[PDB]
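J.: Give me a 3D structure for the following:
(chains A, B, C, D, E, F, G and H)
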Amino acid sequence: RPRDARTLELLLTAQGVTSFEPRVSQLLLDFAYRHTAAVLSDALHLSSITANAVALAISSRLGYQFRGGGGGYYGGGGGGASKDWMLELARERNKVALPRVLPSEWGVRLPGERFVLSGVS
Amino acid sequence: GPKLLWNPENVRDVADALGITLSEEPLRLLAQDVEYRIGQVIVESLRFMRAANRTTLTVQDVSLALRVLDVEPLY
Amino acid sequence: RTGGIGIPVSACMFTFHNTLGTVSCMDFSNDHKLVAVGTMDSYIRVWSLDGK
Amino acid sequence: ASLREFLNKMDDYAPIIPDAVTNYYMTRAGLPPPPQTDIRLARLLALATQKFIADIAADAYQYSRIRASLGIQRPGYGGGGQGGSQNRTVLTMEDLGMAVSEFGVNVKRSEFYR
Amino acid sequence: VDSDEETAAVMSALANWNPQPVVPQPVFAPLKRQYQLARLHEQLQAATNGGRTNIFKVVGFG
Amino acid sequence: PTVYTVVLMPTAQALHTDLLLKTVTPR
Amino acid sequence: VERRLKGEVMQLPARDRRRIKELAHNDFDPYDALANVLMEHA
Amino acid sequence: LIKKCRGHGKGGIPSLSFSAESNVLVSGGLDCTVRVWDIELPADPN
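T.: Residues are numbered from 1 along each chain as shown, chains lettered A, B, ... in the order given. See the structure here:
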């Protein structure tokens, strides 16, 4: 068994995972290899390479992927949208009145004919 | 800087594959970035695992995690 | 309510076999006549709890 | 050519993929099995899959042949054992990676893990 | 080296792992909002002379 | 000139802004 | 002024164990870098 | 917070249910147990 495979398995075990599947650590190692290769190539094309080139390459890469993670207060997680824009959209939506329903239609009405699966056979 | 779980020697080998010589500072920065990305992937995979009422991690969860982050799939 | 102990209750268990760890969710109907389970294979399956 | 005539002739163009695999993957993708879906459509989809795989295979063989007769394998395509037997052509990771790179897939790995 | 103590230390160290980023994670919002806010802030700074004048004061009881 | 008196009600954006400003105001 | 965990951990070389144990000296997560983001957004 | 109940193992408690009169609660965990709890304990008779 290679090195850092035992370390990744120990890290997973120390976080609640009671069982694994043999091949996960290999996947993670190959992913790390590919990420390192991509970032290195980008930095080499940017500019011997300094730390500024590496930082610029990472910043450029962050523009179209890795928009996730467990970020909290003002952390770019769950898509990366800003809370003010979402609040504006929520204010716009939550301004309309709730639909009017009668007891004879409570549970039997459906959307218009344009938004239902009618005649798909 | 902080203490790194990822050994910079892996980054050094990757650089050697591409015929590149690195100083200490960019090496450390790349190691830190790789560590952060691994942490992000683990967080996403555990989220997907917990969503399914399970305690066993499978390759499908890791693939879904990689998909939500816009990373090229591994086959 | 003074003294005494808690209430005794009975329990009935339904067990699913040959799932191979592909079941993700479960639910009973309000009257306990149907059971539905979702899987990791993207489909859903509904059963009659009495076999009818 | 017409879709109607092609579907009618689908009797003579059945692929080699068993119906069980077709049903399994159709169900995974969200389409009911042939009993509720004309078998001709499932056969057509399986034939498209076969054509795609055959195209990739031809590309891989072409890549392998031009290499046959500096002289060091490209990094990132780790794999293999002793190196096969006799002068037989071996489907190796390098040729498959080179072929599928044209289709938008990346299969880069590490050779030694340390 | 005591095996039990070492395993306990290793597990405790691993359980508290928390990697730190190299660059901040970006946040995305429409351009129109940014431009409008910048213009409004510039106008307010001009009007209030950099905060040295309070144009919102009220004298009397209306 | 005619005179008027009006009232402006609070919103959730106002509370969000209040908390955000308090977060970055040194003591 | 629990058994097999020991074997798994001791399978690692002492150098790797020391590297893992050195994590405890990290200065936790002040996340003070968020100050600039908050200032920009405030 | 009124009180905390303990006894289940680590792993998760996917579901909860309340009695008809809201005086008893039942839970199921991933540790292969079903447990019953008393929301309000009986008054002690001294």
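J.: going forward, measure contacts between C-alpha atoms and count neighbours the same way
T.: Fine.
J.: how far away is the residue in chain H that chain D sits nearest to from chain F?
T.: Across chain H, the shortest distance to chain D (C-alpha to the nearest C-alpha) belongs to residue H:14, at 26.0 Å. In this view, residue H:14 and chain F are 33 Å apart by C-alpha to the nearest C-alpha, to the nearest Å.
J.: go on, residue A:115?
T.: The gap separating residue A:115 from chain F is 33 Å, by C-alpha to the nearest C-alpha.
J.: residues contacting that residue?
T.: Shown in contact with residue A:115 (C-alpha atoms under 8 Å, 6 or more residues apart in numbering or on different chains): no residues.
J.: where exactly do the helices run in the chain?
T.: No chain in the question, so chain A it is. Using DSSP state H, the helices assigned to chain A run over residues A:5-13, A:24-46, A:51-61, A:83-93.
J.: hm, I was asking about chain E
T.: Under DSSP H, chain E gives helices at E:3-15, E:31-48.
J.: nearest residue to the one residue in chain D that gets nearest to chain F other than its sequence neighbours?
T.: In chain D, the residue found nearest to chain F is residue D:30; the distance is 41.9 Å by C-alpha to the nearest C-alpha. Of all residues not flanking residue D:30 in the chain, residue C:42 sits nearest, at 7.2 Å (C-alpha to C-alpha, 6 or more residues apart in numbering or on different chains).
J.: what sits up against stretch D:92-110?
T.: For stretch D:92-110, the external contacting residues (C-alpha under 8 Å, 6+ apart) are A:30, A:33-34, B:72-75, D:56, D:59-61, D:63-64, D:73-74, D:76-80.
J.: do stretch H:39-46 as well
T.: So stretch H:39-46 is contacted by C:1, C:2, C:3, C:4, C:5, H:23, H:24, H:25 (C-alpha under 8 Å, 6+ apart).
J.: mind listing the strands for chain H?
T.: Counting by DSSP state E, residue ranges of the strands within chain H are H:15-18, H:24-28, H:34-38.
J.: May I have the second one as PDB, with CA atoms only?
T.: Only the C-alpha atoms of strand H:24-28 are listed here, as PDB (Å, rounded to 0.1, in the frame of the first residue of the first chain):
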ATOM      1  CA  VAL H  24     -44.300  10.100  24.100                       C
ATOM      2  CA  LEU H  25     -41.600  10.200  21.300                       C
ATOM      3  CA  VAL H  26     -40.100   7.300  19.400                       C
ATOM      4  CA  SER H  27     -36.800   7.400  17.400                       C
ATOM      5  CA  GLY H  28     -34.800   5.100  15.100                       C
END
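J.: wait, does that strand make contact with chain B?
T.: No: using C-alpha under 8 Å from any C-alpha of the partner chain, strand H:24-28 never reaches chain B; the gap is at least 12.1 Å.
J.: in its sheet, what does that strand sit against?
T.: If you go by DSSP bridges, strand H:24-28 pairs up with strand H:15-18 (antiparallel), strand H:34-38 (antiparallel).
J.: ok, back up a step: could I get the helices of chain A in JSON lines, plus columns for distance to chain G and mean neighbour count?
T.: Listed next are those as JSON lines, based on distance: least, C-alpha to the nearest C-alpha, whole Å; neighbours: other C-alpha atoms under 10 Å in any protein chain shown:
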{"stretch": "helix A:5-13", "distance to chain G": "8", "mean neighbour count": "18"}
{"stretch": "helix A:24-46", "distance to chain G": "15", "mean neighbour count": "18"}
{"stretch": "helix A:51-61", "distance to chain G": "16", "mean neighbour count": "18"}
{"stretch": "helix A:83-93", "distance to chain G": "10", "mean neighbour count": "12"}
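J.: between the ones you listed, which gets nearest to residue D:22?
T.: Smallest distance to residue D:22 across the helices of chain A (C-alpha to C-alpha): 27.9 Å, for helix A:24-46.
J.: The closest one vs helix A:5-13, what angle?
T.: When axes from the mean of the first three to the mean of the last three C-alpha atoms, to 10 degrees is applied, the directions of helix A:24-46 and helix A:5-13 differ by 110 degrees.
J.: Which among the strands paired with strand H:24-28 is found nearest to residue B:40?
T.: Among the strands paired with strand H:24-28, the nearest to residue B:40 by C-alpha to C-alpha is strand H:15-18 (28.4 Å).
J.: ok, and what's touching that closest one?
T.: Here strand H:15-18 makes contact (C-alpha under 8 Å, 6+ apart) with H:24, H:25, H:26, H:27, H:28, H:29.
J.: and the closest residue to the residue of chain H closest to chain D other than its chain neighbours, backbone torsions?
T.: Distances taken as C-alpha to C-alpha, 6+ apart place residue H:29 nearest to residue H:14, at 6.4 Å, with adjacent residues excluded. Dihedral pair for residue H:29: phi -120, psi 170, per degrees, to the nearest 10.
J.: surely residue H:29 meets residue H:36?
T.: No: using C-alpha atoms under 8 Å, residue H:29 is not in contact with residue H:36; the gap is 11.8 Å.
J.: quick one: the most centrally placed residue in chain G from chain A, how far?
T.: The centroid of chain G falls nearest to residue G:23 when counting by C-alpha atoms, centre = their mean (3.9 Å). Between residue G:23 and chain A the distance, using C-alpha to the nearest C-alpha, works out to 13 Å.
J.: a strand runs through that residue, doesn't it?
T.: No: secondary structure of residue G:23, determined by DSSP: H, G, I helix; E, B strand; the rest coil: helix, with no strand assignment.
J.: So which bits of chain A are right by chain F?
T.: A:84, A:87.
J.: Enumerate the residues of chain A near chain H.
T.: residue A:16.
J.: swap the cut-off to 10 Å and go again
T.: By C-alpha under 10 Å from any C-alpha of the partner chain, the residues of chain A that approach chain H are A:16, A:17, A:18.
J.: burial measure for the last one, as a count.
T.: Right, the one you point to is residue A:18. Using other C-alpha atoms under 10 Å in any protein chain shown, the number of residues around residue A:18 comes to 13.
J.: mind saving the C-alpha coords of stretch A:8-20 as CSV?
T.: What follows is stretch A:8-20, C-alpha atoms only, in CSV (Å, rounded to 0.1, in the frame of the first residue of the first chain):
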residue,chain,number,x,y,z
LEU,A,8,-6.3,9.6,3.6
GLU,A,9,-8.0,6.4,4.9
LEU,A,10,-7.1,7.4,8.5
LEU,A,11,-8.4,11.0,7.8
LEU,A,12,-11.7,9.5,6.5
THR,A,13,-11.9,7.2,9.5
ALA,A,14,-11.3,10.0,11.9
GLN,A,15,-14.4,11.8,10.5
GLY,A,16,-17.2,9.3,11.0
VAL,A,17,-16.9,7.0,7.9
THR,A,18,-17.1,3.5,9.3
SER,A,19,-16.5,1.8,5.9
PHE,A,20,-15.0,2.6,2.5
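J.: What is the distance between it and the centre of its chain?
T.: Centre-to-centre, stretch A:8-20 and its host chain are 22 Å apart (C-alpha atoms, centre = their mean, to the nearest Å).
J.: Just confirm yes or no for that stretch near chain B.
T.: Yes: Stretch A:8-20 comes into contact with chain B (C-alpha under 10 Å from any C-alpha), by way of A:8, A:11, A:12, A:15, A:16, A:17, A:18, A:19, A:20.
J.: So which of those is the closest to residue E:46?
T.: Checking the residues of stretch A:8-20 next to chain B one by one against residue E:46 (C-alpha to C-alpha), the nearest turns out to be residue A:15, at 54.8 Å.
J.: Got phi/psi on that closest one?
T.: Phi and psi for residue A:15, reported as degrees, to the nearest 10, are phi -130, psi 10.
J.: again with residue C:23
T.: Residue torsions, per degrees, to the nearest 10, at residue C:23 are phi -90, psi 130.
J.: in terms of contact, does it touch residue B:51 like I think?
T.: No: the criterion here is C-alpha atoms under 10 Å, and residue C:23 misses it with residue B:51 at 11.7 Å.
J.: More neighbours: which of those two?
T.: Neighbour totals were compared for residue C:23 and residue B:51, and residue C:23 leads with 17 against 11 (other C-alpha under 10 Å).
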